[PDB]
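Note sheet for the following structure.
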Amino acid sequence: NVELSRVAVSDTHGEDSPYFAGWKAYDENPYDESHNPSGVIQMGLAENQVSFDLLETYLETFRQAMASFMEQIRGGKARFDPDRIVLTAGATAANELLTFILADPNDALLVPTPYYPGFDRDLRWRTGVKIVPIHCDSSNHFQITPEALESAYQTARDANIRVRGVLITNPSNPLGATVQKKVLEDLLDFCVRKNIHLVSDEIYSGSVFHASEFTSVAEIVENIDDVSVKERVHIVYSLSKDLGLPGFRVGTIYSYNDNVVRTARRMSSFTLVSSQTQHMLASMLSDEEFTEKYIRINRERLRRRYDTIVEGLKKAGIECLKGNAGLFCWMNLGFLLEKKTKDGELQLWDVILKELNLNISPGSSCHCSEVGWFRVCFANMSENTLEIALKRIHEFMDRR
Amino acid sequence: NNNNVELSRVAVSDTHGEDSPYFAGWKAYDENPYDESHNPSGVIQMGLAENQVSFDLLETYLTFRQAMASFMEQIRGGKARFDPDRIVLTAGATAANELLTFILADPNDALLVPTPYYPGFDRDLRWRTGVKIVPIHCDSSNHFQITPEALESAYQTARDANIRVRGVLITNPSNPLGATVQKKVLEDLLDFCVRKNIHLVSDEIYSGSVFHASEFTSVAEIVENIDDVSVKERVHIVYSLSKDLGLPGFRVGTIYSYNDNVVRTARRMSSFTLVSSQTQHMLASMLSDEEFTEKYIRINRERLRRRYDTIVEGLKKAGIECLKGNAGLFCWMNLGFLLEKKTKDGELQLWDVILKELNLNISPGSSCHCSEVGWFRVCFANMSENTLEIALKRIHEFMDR
Ligand SMILES: Cc1ncc(COP(=O)(O)O)c(C/N=C(\C=C\OCCN)C(=O)O)c1O
Ligand SMILES: Cc1ncc(COP(=O)(O)O)c(C/N=C(\C=C\OCCN)C(=O)O)c1O
């Protein structure tokens, strides 16, 4: 019999986590308004369909379009030379691709907790790079401290792991929260001192609720004119989340480093975007009058939905983190828990899954330093399916 | 200052292959590309193996795994069954080949690959994966086909130098040779793989472009009859739409693997290189349609064949003998005894005269790792009727002087 590679038989792909085991129970009997109203409702998949009718109602080289549409998201606060854009088949493809370019097998990336539980696959699986978690907690809304960067750096060098860059998510999945200007430039400054790359995964940037509150790492870069420090940062964007077009698989790497783009271009061979979809999204994304209209209404709609989910959970006795972005909220069932530990979280999540019939991302899958938090998505469902889901959790709390 | 950021070994590695002749030709092509009206004296591209001879049929025409399975069945002529549940879509074949290599081999382990091969394997297989290639050596003494003795030879090479070997990756039909592999050598190679306990990977990307349906033998043909699960799970097939359909920008390649354990790892690993669902949706009905895919593949086979005929007949009455080919989008022509120095440097110097003086891009055999000096791949399917007769008349009147 034939063996396969270490990588092949490695269980770093992550299909044993809670995250997936939820998706499996969802399919066992998915919710349906007419035909299965007691069925399980999906709130663990961070997808955006609240603004889809606008694209749908629309449709009755391409780098330039992608550059505009990025400019429009950031509000002329960035310039984006279409010649540095490198198309890759989704962000998951961009993040991995960068990691090959930015780190050796066994070297590391610092990643603030909580993070996208899917990084455990993307960054690690084929690349051989490790993650060292930068530890963050609810004492400051889970934001990156200059001391917790140093702490997590020392962790790596304590164990002979070279560190090669830090990969934040801006705005943060799962926190649903922008990072403040002041912490970005603080982090960039950390990167020149340690001589590493800053990777910004700006995938939720059209889904930040108020345009003024979002600070892209592009904002902190084309003003500071040292080529040495410019070439550390790189931006990873995709259409998957803002446009809600995740199956079209268009992500990009915009990198402020001449040497990356041309390696990233050659490396894109392995993960190209279908030219047919490039062609057919070109005019739309290029069209200022539309992208302006779209992003304004998307911001609002996502915001207005966030409001109803936290108000719902408020008058049922659940306080969420003060969020201003993303397609989800980061709700606290800390002091609403049995055992106050990791096993207690996984046991509570199994009651939510089996009894509420409700899929929710548990904080332990996100590597949260703190026990008892949960990501609940809201943008992959109707108005009505949310009020059902809220009424399900409202009347679960009644039984206390 | 002096506080500059390094990149990875892989990043600064020159295994991406943009120093070869292959690319340096593409760069001189752009300097002034050929154009019938605008500028004919311009350089003609015969180094890019692309198919546009049968495109007007798709143009005049216009889950999804089921379509891809049918279309593959139609290419092989019901000689394969293809469970759509084993198909794993990847963004092109270059993405499939790499993806498999991660699944089939560790960093520093090897793959045996018969020479000559797609010079782009030097990137695909090696670059991110850390695997090496050991060439299986083939020569014109038997039309560059794989011998059981040259497999053993190239295996020993690896084990001589402590390189574990993990599978062999043939191209069927062969790029650049333009030539099918015979049934007898495939099953001979499959037998080699059970004895050494390795995988056989078949890159069947040119399979709709083999000229006569009866002459092509897929590794799928040699497998669903032999019913040992042990030996079945060694082979894997890599196909794409890029070359037969001539739809290379839509980036749809697939891995069909006869190994339960691969498909589910290959599926999870496809995350990194997915096919746009929009193109999947819009190619679905077409590829599913038997009446059309039958008609298409018959005419494509013929058209590619009829073009091959004119290119070798052209080169014949100008004194160039090509290899007897029956497939692909190219021919493997011999300028061995039509050369100055008879060595690698002599080939690269001859190719620079063809590029600068003929104004003609042609893949030199040295880029393809050919064991033998002086051969060249010349593509023909990425150009009109007329641009070929110009290119032929250019080489005809070079031989005159
Ligand atoms: C920060 C971040 N980066 C990248 C991606 C990948 O998206 P791409 O452009 O490659 O489609 C996601 C999607 N994360 C959500 C997952 C979506 O579906 C994939 C399922 N694992 C989630 O639930 O957090 C994300 O949240
Ligand atoms: C054996 C083999 N494998 C893989 C590929 C990659 O094709 P994909 O399915 O990824 O589109 C090619 C095409 N090789 C040609 C390259 C074509 O370039 C495409 C330009 N976009 C060549 O010149 O040899 C090939 O001959």
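Order determines the names: the first chain of the structure tokens is A, the second B, and so forth; residues in each chain are numbered 1 upward, and ligands are numbered 1 upward as they are shown.
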
Checklist entry - Excluding same-chain residues fewer than 4 positions from residue 123 in chain A, what lies within 12 Å of it counting only C-alpha atoms, as a ChimeraX atom specification? => result /A:12-13,91-111,116-119,127-132,165-167,199 /B:272

Restricted to N, CA and C atoms, what would the selected residues look like written as an mmCIF file, in the first residue's frame?
```
data_model
loop_
_atom_site.group_PDB
_atom_site.id
_atom_site.type_symbol
_atom_site.label_atom_id
_atom_site.label_comp_id
_atom_site.auth_asym_id
_atom_site.auth_seq_id
_atom_site.Cartn_x
_atom_site.Cartn_y
_atom_site.Cartn_z
ATOM 1 N N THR A 12 -4.238 19.400 10.374
ATOM 2 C CA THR A 12 -4.200 20.872 10.466
ATOM 3 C C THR A 12 -5.185 21.529 9.477
ATOM 4 N N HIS A 13 -5.901 20.715 8.683
ATOM 5 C CA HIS A 13 -6.976 21.208 7.793
ATOM 6 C C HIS A 13 -8.225 21.678 8.547
ATOM 7 N N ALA A 91 -9.323 35.265 -1.026
ATOM 8 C CA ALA A 91 -8.417 35.655 0.024
ATOM 9 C C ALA A 91 -7.683 34.489 0.657
ATOM 10 N N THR A 92 -8.377 33.391 0.959
ATOM 11 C CA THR A 92 -7.674 32.213 1.499
ATOM 12 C C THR A 92 -6.450 31.903 0.615
ATOM 13 N N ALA A 93 -6.612 32.084 -0.701
ATOM 14 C CA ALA A 93 -5.504 31.900 -1.613
ATOM 15 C C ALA A 93 -4.444 33.005 -1.486
ATOM 16 N N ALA A 94 -4.857 34.245 -1.311
ATOM 17 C CA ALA A 94 -3.902 35.322 -1.068
ATOM 18 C C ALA A 94 -3.101 35.156 0.208
ATOM 19 N N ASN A 95 -3.768 34.897 1.331
ATOM 20 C CA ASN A 95 -3.080 34.731 2.619
ATOM 21 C C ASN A 95 -2.036 33.650 2.600
ATOM 22 N N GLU A 96 -2.396 32.484 2.061
ATOM 23 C CA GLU A 96 -1.446 31.377 1.920
ATOM 24 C C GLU A 96 -0.309 31.825 1.034
ATOM 25 N N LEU A 97 -0.644 32.335 -0.143
ATOM 26 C CA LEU A 97 0.354 32.758 -1.115
ATOM 27 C C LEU A 97 1.378 33.705 -0.494
ATOM 28 N N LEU A 98 0.912 34.744 0.184
ATOM 29 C CA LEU A 98 1.821 35.635 0.895
ATOM 30 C C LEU A 98 2.712 34.900 1.861
ATOM 31 N N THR A 99 2.121 34.003 2.647
ATOM 32 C CA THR A 99 2.858 33.255 3.656
ATOM 33 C C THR A 99 4.035 32.480 3.074
ATOM 34 N N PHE A 100 3.850 31.871 1.892
ATOM 35 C CA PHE A 100 4.961 31.241 1.141
ATOM 36 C C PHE A 100 6.058 32.253 0.818
ATOM 37 N N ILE A 101 5.640 33.416 0.337
ATOM 38 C CA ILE A 101 6.539 34.527 0.032
ATOM 39 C C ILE A 101 7.169 35.157 1.279
ATOM 40 N N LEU A 102 6.474 35.172 2.412
ATOM 41 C CA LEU A 102 6.960 35.893 3.585
ATOM 42 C C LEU A 102 7.578 35.050 4.667
ATOM 43 N N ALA A 103 7.462 33.733 4.607
ATOM 44 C CA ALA A 103 8.040 32.897 5.681
ATOM 45 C C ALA A 103 8.484 31.478 5.258
ATOM 46 N N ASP A 104 9.509 30.962 5.948
ATOM 47 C CA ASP A 104 10.061 29.641 5.646
ATOM 48 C C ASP A 104 9.270 28.616 6.387
ATOM 49 N N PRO A 105 9.401 27.359 5.991
ATOM 50 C CA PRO A 105 8.908 26.328 6.868
ATOM 51 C C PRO A 105 9.585 26.424 8.232
ATOM 52 N N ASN A 106 8.748 26.380 9.276
ATOM 53 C CA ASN A 106 9.110 26.446 10.719
ATOM 54 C C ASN A 106 9.279 27.819 11.350
ATOM 55 N N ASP A 107 9.468 28.838 10.527
ATOM 56 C CA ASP A 107 9.376 30.207 10.988
ATOM 57 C C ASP A 107 7.896 30.517 11.384
ATOM 58 N N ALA A 108 7.612 31.730 11.872
ATOM 59 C CA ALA A 108 6.299 32.020 12.440
ATOM 60 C C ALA A 108 5.676 33.295 11.946
ATOM 61 N N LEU A 109 4.365 33.392 12.178
ATOM 62 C CA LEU A 109 3.618 34.616 12.019
ATOM 63 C C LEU A 109 2.896 34.898 13.332
ATOM 64 N N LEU A 110 2.960 36.141 13.814
ATOM 65 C CA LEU A 110 2.143 36.540 14.937
ATOM 66 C C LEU A 110 0.742 36.964 14.449
ATOM 67 N N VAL A 111 -0.288 36.476 15.129
ATOM 68 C CA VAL A 111 -1.662 36.678 14.728
ATOM 69 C C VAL A 111 -2.442 36.985 15.991
ATOM 70 N N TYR A 116 -9.843 34.335 12.762
ATOM 71 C CA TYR A 116 -10.561 33.467 11.834
ATOM 72 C C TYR A 116 -10.080 32.035 12.014
ATOM 73 N N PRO A 117 -10.930 31.128 12.552
ATOM 74 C CA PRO A 117 -10.438 29.781 12.891
ATOM 75 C C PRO A 117 -9.869 29.064 11.663
ATOM 76 N N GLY A 118 -10.325 29.451 10.474
ATOM 77 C CA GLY A 118 -9.708 29.055 9.208
ATOM 78 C C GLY A 118 -8.263 29.454 8.887
ATOM 79 N N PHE A 119 -7.652 30.375 9.640
ATOM 80 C CA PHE A 119 -6.194 30.589 9.530
ATOM 81 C C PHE A 119 -5.362 29.371 9.909
ATOM 82 N N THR A 127 2.336 25.381 4.131
ATOM 83 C CA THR A 127 3.502 26.287 4.215
ATOM 84 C C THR A 127 4.578 25.861 5.223
ATOM 85 N N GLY A 128 4.123 25.156 6.256
ATOM 86 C CA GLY A 128 4.974 24.729 7.327
ATOM 87 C C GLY A 128 5.228 25.808 8.347
ATOM 88 N N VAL A 129 4.613 26.989 8.195
ATOM 89 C CA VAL A 129 4.835 28.080 9.153
ATOM 90 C C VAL A 129 3.937 27.847 10.353
ATOM 91 N N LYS A 130 4.357 28.340 11.508
ATOM 92 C CA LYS A 130 3.541 28.219 12.696
ATOM 93 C C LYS A 130 2.856 29.547 12.890
ATOM 94 N N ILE A 131 1.853 29.536 13.753
ATOM 95 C CA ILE A 131 1.259 30.742 14.305
ATOM 96 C C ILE A 131 1.672 30.846 15.778
ATOM 97 N N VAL A 132 2.056 32.039 16.223
ATOM 98 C CA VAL A 132 2.146 32.338 17.662
ATOM 99 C C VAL A 132 1.029 33.339 17.989
ATOM 100 N N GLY A 165 6.625 38.009 10.523
ATOM 101 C CA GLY A 165 5.629 39.023 10.246
ATOM 102 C C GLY A 165 4.403 38.823 11.079
ATOM 103 N N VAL A 166 3.532 39.814 11.058
ATOM 104 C CA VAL A 166 2.343 39.782 11.878
ATOM 105 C C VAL A 166 1.179 39.996 10.972
ATOM 106 N N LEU A 167 0.133 39.204 11.180
ATOM 107 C CA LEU A 167 -0.992 39.182 10.274
ATOM 108 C C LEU A 167 -2.270 39.549 10.999
ATOM 109 N N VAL A 199 1.016 42.035 7.641
ATOM 110 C CA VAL A 199 0.002 41.665 6.639
ATOM 111 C C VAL A 199 -1.347 42.069 7.168
ATOM 112 N N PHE B 272 -7.686 26.507 -1.759
ATOM 113 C CA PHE B 272 -6.630 27.439 -2.179
ATOM 114 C C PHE B 272 -6.590 27.809 -3.663
#
```

Item to check | Filtered DSSP result for range 174-323 of chain B, state strand (DSSP E), as a ChimeraX atom specification | outcome: /B:199-203,235-240,253-257

Item to check | Pick from A:24, A:164, A:303, A:315 nearest to chain B, counting only C-alpha atoms | outcome: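 Nearest candidate to chain B out of A:24, A:164, A:303, A:315: A:164.
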
Item to check | 8 Å contacts from chain A to chain B using only C-alpha atoms, as a ChimeraX atom specification | outcome: /A:1-2,4-8,13,89-90,92-93,96,100-104,126,192,195-197,228,231-232,247-249,260,263,266,269-277

Next on the checklist: I need the helix (DSSP H, G or I) residues of range 52-157 of chain A per DSSP on the backbone, written as number ranges by chain.
Outcome noted: A: 52-56, 63-74, 91-102, 119-122, 138-140, 146-157

Checklist entry - What's the 9 Å shell around range 319-334 of chain A, counting only C-alpha atoms, without same-chain residues fewer than 5 positions away, as a PyMOL selection string? => result chain A and resi 43+46-48+138+141+171-178+204-210+213-214+241+299+302-303+306+309-310+313-314+340+345+363+370-380

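The neighbours of residue 396 in chain A here are the residues that come within 12 Å of it, using only C-alpha atoms and leaving out any residue fewer than 3 positions away in the same chain; they are residues 313, 316, 317, 318, 336, 351, 352, 355, 356, 357, 358, 389, 390, 391, 392, 393, 399 and 400 of chain A.
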
Produce a file of the selected residues containing N, CA and C atoms, as a short mmCIF file (atom, residue, chain, number, x, y, z; two decimals), in the first residue's frame.
```cif
data_model
loop_
_atom_site.label_atom_id
_atom_site.label_comp_id
_atom_site.auth_asym_id
_atom_site.auth_seq_id
_atom_site.Cartn_x
_atom_site.Cartn_y
_atom_site.Cartn_z
N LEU A 313 -30.78 40.65 21.72
CA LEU A 313 -30.02 40.00 22.76
C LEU A 313 -29.95 40.82 24.05
N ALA A 316 -33.07 40.30 26.14
CA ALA A 316 -32.97 38.92 26.66
C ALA A 316 -31.80 38.67 27.64
N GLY A 317 -31.04 39.70 27.99
CA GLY A 317 -29.92 39.56 28.94
C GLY A 317 -28.60 39.01 28.41
N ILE A 318 -28.18 39.49 27.24
CA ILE A 318 -26.88 39.13 26.65
C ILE A 318 -26.20 40.42 26.18
N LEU A 336 -22.78 33.25 32.05
CA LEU A 336 -24.07 32.63 31.75
C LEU A 336 -23.81 31.16 31.39
N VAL A 351 -25.52 22.53 23.70
CA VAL A 351 -26.91 22.79 24.07
C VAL A 351 -27.54 23.79 23.10
N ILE A 352 -26.83 24.87 22.77
CA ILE A 352 -27.27 25.82 21.73
C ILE A 352 -27.53 25.13 20.37
N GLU A 355 -30.54 22.01 21.22
CA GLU A 355 -31.81 22.46 21.87
C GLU A 355 -32.42 23.74 21.28
N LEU A 356 -31.59 24.77 21.08
CA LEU A 356 -32.02 25.97 20.36
C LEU A 356 -32.16 25.71 18.86
N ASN A 357 -31.42 24.71 18.35
CA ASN A 357 -31.31 24.42 16.91
C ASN A 357 -30.79 25.66 16.22
N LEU A 358 -29.49 25.87 16.40
CA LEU A 358 -28.88 27.17 16.19
C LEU A 358 -27.38 27.00 16.13
N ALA A 389 -34.82 33.35 15.29
CA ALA A 389 -33.60 32.93 16.02
C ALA A 389 -33.44 33.68 17.33
N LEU A 390 -33.78 34.98 17.31
CA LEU A 390 -33.80 35.80 18.54
C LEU A 390 -34.88 35.35 19.51
N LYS A 391 -36.08 35.09 19.00
CA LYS A 391 -37.13 34.56 19.85
C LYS A 391 -36.77 33.17 20.41
N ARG A 392 -36.02 32.35 19.67
CA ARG A 392 -35.55 31.05 20.21
C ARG A 392 -34.64 31.27 21.42
N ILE A 393 -33.68 32.19 21.31
CA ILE A 393 -32.74 32.43 22.42
C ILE A 393 -33.40 33.23 23.56
N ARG A 399 -35.97 30.14 30.72
CA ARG A 399 -35.78 28.92 31.51
C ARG A 399 -34.44 28.99 32.28
N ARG A 400 -34.34 29.91 33.24
CA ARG A 400 -33.17 30.04 34.14
C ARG A 400 -33.63 30.19 35.60
#
```

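Using only C-alpha atoms, the smallest distance between any of B:15, B:202, B:74, B:296 and residue 130 in chain B comes from B:15.
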
Checklist outcome for this item: re CA of residue 223 in chain B and CA of residue 111 in chain B: distance 21.0 Å

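Here the question is which of A:180, A:268, A:369, A:170 gets nearest to ligand 2 using only C-alpha atoms and all ligand atoms, and that residue is A:268.
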
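If you look at CA of residue 369 in chain B and CA of residue 43 in chain B, they are 25.0 Å away from each other.
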